[PDB]
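Before any comments, here is the structure.
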Amino acid sequence: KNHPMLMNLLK
Amino acid sequence: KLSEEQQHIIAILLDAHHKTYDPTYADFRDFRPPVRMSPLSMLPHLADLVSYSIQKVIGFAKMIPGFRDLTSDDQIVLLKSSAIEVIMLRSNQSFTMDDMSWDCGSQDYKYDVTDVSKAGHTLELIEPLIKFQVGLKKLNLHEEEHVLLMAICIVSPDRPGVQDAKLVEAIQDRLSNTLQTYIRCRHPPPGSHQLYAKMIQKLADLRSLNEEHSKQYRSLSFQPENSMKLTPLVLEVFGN
Ligand SMILES: C=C1/C(=C\C=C2/CCC[C@]3(C)[C@@H]([C@H](C)CCCC(C)(C)O)CC[C@@H]23)C[C@@H](O)C[C@@H]1O
């Protein structure tokens, strides 16, 4: 929900 | 008995920690320099340290068996709420009761109460943080128990914003039973006495430390000039 950087580091 | 699967789980978490915690602290040189003179003189440096550590905490969580089975959203909520707690936990490895500081290999990167204070925090957080470090150190955990505790901390069902709490709880239960069984079969007495319950109590201490940190963080970050010295990842993870 608007967490670009967390989501990218998790992928 | 410690089943093969439970031993596999411990093996995975040990390796995951190995790949995400550098005991040589070589990367600290990349951070903005620590200034120990001056208000918030340690904020740029410790903001960087924390930002670097959030990245490492994320890499660790990705290798937690089952964690990848969660939805992107639940992964995100679990990390947002647990990140500061796992950083407090993982930092025990560099904390030393010799002088109650976090000792990262050199004087420049040795942090005490007044450093944390010069990062914008107060004794209301700092004192119980040290008492936490001290009581964790006193458990003298096996590294196996250390990584299991971090993993259990990350996959907690009651975190705000969780969607599939049933599945979060199922993953945690696997790690919890792995820990309970490890202690019985591998931690000899007297060190094992109530050790599980003491470790779970530390997870409660962490919730309390999380709550206070968030409060002092909101006060710190509410000032645009302070929030300016943070990093983009810290603003996204800890809030902005
Ligand atoms: C990070 C790590 C380390 C120490 C942790 C510390 C010492 C300094 C003060 C810190 C960073 C505490 C502060 C309350 C956090 C302030 C953060 C902020 C200003 C953004 O609100 C939390 C844990 C403490 C060193 C090493 O163990 C790696 C670990 O990974």
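By convention here, the chains of the structure tokens are called A, B, ... in the order presented, each chain's residues are numbered starting at 1, and ligands are numbered starting at 1 in the order presented.
Summary of the local environment: counting only C-alpha atoms, residues at most 12 Å from residue 223 of chain B, other than itself and those fewer than 6 positions away along its chain, are residues 120, 216, 217, 229, 230 and 240 of chain B.
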**OP:** Could you pull out the residues sitting within 6 Å of ligand 1, using only C-alpha atoms and all ligand atoms, and write them as a VMD selection string?
**Re:** chain B and resid 46 to 47 49 to 50 53 87 to 88 90 to 91 93 to 94 102 111 116 119 217
Would you pick out the contacts of segment 1-7 of chain A at 9 Å or less, using only C-alpha atoms, so that residues sharing its chain but fewer than 3 positions from it are not included, and give the list as a PDB file with N, CA and C atoms, in the first residue's frame?
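Saved as out-v9.pdb:
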```
ATOM      1  N   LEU A  10      11.563  -7.173  -1.353  1.00  0.00           N
ATOM      2  CA  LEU A  10      10.932  -8.443  -1.023  1.00  0.00           C
ATOM      3  C   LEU A  10      10.792  -9.365  -2.226  1.00  0.00           C
ATOM      4  N   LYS A  11      10.720  -8.793  -3.424  1.00  0.00           N
ATOM      5  CA  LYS A  11      10.494  -9.594  -4.622  1.00  0.00           C
ATOM      6  C   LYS A  11      11.639 -10.571  -4.885  1.00  0.00           C
TER       7      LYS A  11
ATOM      8  N   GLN B  55      17.440  -3.256   5.519  1.00  0.00           N
ATOM      9  CA  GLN B  55      17.702  -4.031   4.307  1.00  0.00           C
ATOM     10  C   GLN B  55      18.122  -5.454   4.637  1.00  0.00           C
ATOM     11  N   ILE B  58      15.246  -7.506   6.051  1.00  0.00           N
ATOM     12  CA  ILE B  58      14.387  -7.943   4.946  1.00  0.00           C
ATOM     13  C   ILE B  58      14.943  -9.188   4.248  1.00  0.00           C
ATOM     14  N   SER B  72       2.082 -10.612  -0.749  1.00  0.00           N
ATOM     15  CA  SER B  72       2.931  -9.434  -0.747  1.00  0.00           C
ATOM     16  C   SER B  72       2.545  -8.487   0.390  1.00  0.00           C
ATOM     17  N   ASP B  73       1.243  -8.334   0.616  1.00  0.00           N
ATOM     18  CA  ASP B  73       0.750  -7.359   1.585  1.00  0.00           C
ATOM     19  C   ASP B  73       1.075  -7.762   3.018  1.00  0.00           C
ATOM     20  N   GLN B  75       3.462  -9.853   3.905  1.00  0.00           N
ATOM     21  CA  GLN B  75       4.907  -9.738   4.010  1.00  0.00           C
ATOM     22  C   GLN B  75       5.281  -8.308   4.375  1.00  0.00           C
ATOM     23  N   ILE B  76       4.632  -7.347   3.723  1.00  0.00           N
ATOM     24  CA  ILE B  76       4.934  -5.949   3.951  1.00  0.00           C
ATOM     25  C   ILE B  76       4.552  -5.497   5.352  1.00  0.00           C
ATOM     26  N   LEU B  79       6.956  -6.951   8.077  1.00  0.00           N
ATOM     27  CA  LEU B  79       8.260  -6.307   8.118  1.00  0.00           C
ATOM     28  C   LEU B  79       8.196  -4.885   8.634  1.00  0.00           C
ATOM     29  N   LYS B  80       7.146  -4.152   8.276  1.00  0.00           N
ATOM     30  CA  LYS B  80       7.012  -2.783   8.774  1.00  0.00           C
ATOM     31  C   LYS B  80       6.934  -2.750  10.294  1.00  0.00           C
ATOM     32  N   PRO B 232      15.383   7.366   2.640  1.00  0.00           N
ATOM     33  CA  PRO B 232      14.096   7.067   2.002  1.00  0.00           C
ATOM     34  C   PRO B 232      13.482   5.759   2.517  1.00  0.00           C
ATOM     35  N   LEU B 233      14.313   4.750   2.768  1.00  0.00           N
ATOM     36  CA  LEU B 233      13.808   3.455   3.231  1.00  0.00           C
ATOM     37  C   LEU B 233      13.261   3.548   4.652  1.00  0.00           C
ATOM     38  N   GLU B 236       9.888   5.231   4.526  1.00  0.00           N
ATOM     39  CA  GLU B 236       8.875   4.308   4.043  1.00  0.00           C
ATOM     40  C   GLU B 236       8.523   3.222   5.063  1.00  0.00           C
ATOM     41  N   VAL B 237       9.533   2.643   5.703  1.00  0.00           N
ATOM     42  CA  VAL B 237       9.291   1.547   6.635  1.00  0.00           C
ATOM     43  C   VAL B 237       8.784   2.030   7.997  1.00  0.00           C
TER      44      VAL B 237
END
```
**OP:** Could you please write out, as number ranges by chain, every residue of segment 11-177 of chain B that DSSP assigns to strand (DSSP E or B)?
**Re:** B: 95-96, 101-103, 110-111
**OP:** Using DSSP on the backbone coordinates, identify all residues within segment 30-109 of chain B classified as alpha helix (DSSP H); present the result as JSON, numbers by chain.
**Re:** {"B": [43, 44, 45, 46, 47, 48, 49, 50, 51, 52, 53, 54, 55, 56, 57, 58, 59, 60, 61, 62, 72, 73, 74, 75, 76, 77, 78, 79, 80, 81, 82, 83, 84, 85, 86, 87, 88, 89, 90]}
Output file for the residues above (C-alpha atoms, as an mmCIF file, in the first residue's frame):
```cif
data_model
loop_
_atom_site.group_PDB
_atom_site.id
_atom_site.type_symbol
_atom_site.label_atom_id
_atom_site.label_comp_id
_atom_site.auth_asym_id
_atom_site.auth_seq_id
_atom_site.Cartn_x
_atom_site.Cartn_y
_atom_site.Cartn_z
ATOM 1 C CA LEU B 43 21.225 11.049 13.658
ATOM 2 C CA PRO B 44 22.667 10.960 10.129
ATOM 3 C CA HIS B 45 25.017 8.121 11.061
ATOM 4 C CA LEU B 46 22.544 6.034 13.046
ATOM 5 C CA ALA B 47 19.793 6.710 10.505
ATOM 6 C CA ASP B 48 22.130 5.180 7.917
ATOM 7 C CA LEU B 49 23.011 2.269 10.214
ATOM 8 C CA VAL B 50 19.315 1.537 10.741
ATOM 9 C CA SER B 51 18.496 1.872 7.040
ATOM 10 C CA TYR B 52 21.297 -0.573 6.218
ATOM 11 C CA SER B 53 19.970 -2.917 8.896
ATOM 12 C CA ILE B 54 16.372 -2.795 7.669
ATOM 13 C CA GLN B 55 17.702 -4.031 4.307
ATOM 14 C CA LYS B 56 19.431 -6.906 6.081
ATOM 15 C CA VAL B 57 16.400 -7.731 8.190
ATOM 16 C CA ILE B 58 14.387 -7.943 4.946
ATOM 17 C CA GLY B 59 16.851 -10.371 3.358
ATOM 18 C CA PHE B 60 16.629 -12.544 6.477
ATOM 19 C CA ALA B 61 12.830 -12.624 6.523
ATOM 20 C CA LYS B 62 12.748 -13.710 2.856
ATOM 21 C CA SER B 72 2.931 -9.434 -0.747
ATOM 22 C CA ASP B 73 0.750 -7.359 1.585
ATOM 23 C CA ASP B 74 1.176 -9.548 4.659
ATOM 24 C CA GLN B 75 4.907 -9.738 4.010
ATOM 25 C CA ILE B 76 4.934 -5.949 3.951
ATOM 26 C CA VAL B 77 2.938 -5.458 7.154
ATOM 27 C CA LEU B 78 5.012 -8.053 9.026
ATOM 28 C CA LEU B 79 8.260 -6.307 8.118
ATOM 29 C CA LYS B 80 7.012 -2.783 8.774
ATOM 30 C CA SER B 81 6.004 -3.674 12.323
ATOM 31 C CA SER B 82 8.825 -6.092 13.170
ATOM 32 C CA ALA B 83 11.810 -4.280 11.622
ATOM 33 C CA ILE B 84 12.747 -2.157 14.661
ATOM 34 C CA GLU B 85 12.211 -5.141 16.993
ATOM 35 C CA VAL B 86 14.469 -7.391 14.916
ATOM 36 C CA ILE B 87 17.086 -4.625 14.774
ATOM 37 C CA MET B 88 17.011 -4.354 18.578
ATOM 38 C CA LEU B 89 17.239 -8.150 18.735
ATOM 39 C CA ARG B 90 20.022 -8.604 16.170
#
```
**OP:** Find the residue from B:71, B:92, B:4, B:121 that sits nearest to chain A; use only C-alpha atoms when measuring.
**Re:**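 Once distances to chain A are computed over only C-alpha atoms, the minimum belongs to B:71.
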Subject >> Interatomic distance, atom CA of residue 178 of chain B to atom CA of residue 166 of chain B (Å, one decimal) >> reply: 18.5 Å
Original post:
In Å to one decimal, how far is atom CA of residue 143 of chain B from atom CA of residue 64 of chain B?
Top reply: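 Atom CA of residue 64 of chain B sits 15.5 Å away from atom CA of residue 143 of chain B.
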